[PDB]
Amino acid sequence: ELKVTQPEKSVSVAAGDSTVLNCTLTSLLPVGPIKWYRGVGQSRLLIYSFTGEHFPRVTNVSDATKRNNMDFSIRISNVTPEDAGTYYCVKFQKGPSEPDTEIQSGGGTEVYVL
């Protein structure tokens, strides 16, 4: 079962402090990007992309850098008031052609800047 897990909570951070937003997956299949968004709607802002392999042209290449291969956490350094909002870690399938197709999402983590 593919699930994307983010902590269910609110982190409150002073402007200028940093925070890490956690996201883990139960599977790396099917292949495709994990992208982070802030906010709501079709114009949700893209924040960070774990793009990964050039699939399906390549099907056998993976990231060899992680402490844990199911982790997709991001660090927001020196948070600003503009960074307040709910962040979503979203899993896509990289199909034959673009755009990528969303298939799963975490439930969101709120950042409140004090």
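A residue's number is simply how far along the shown sequence it sits, counting from 1.
Just going by the entry, 103-111 versus 1-9 on mean CA temperature factor gives the higher value to 1-9. Between 54-62 and 37-45, the higher mean Cα B-factor belongs to 37-45. In this entry, the residue among 74, 28, 84, 89 with the greatest C-alpha B factor is 28. In the PDB entry, the Cα temperature factor peaks, among 97, 93, 19, 22, at 97.
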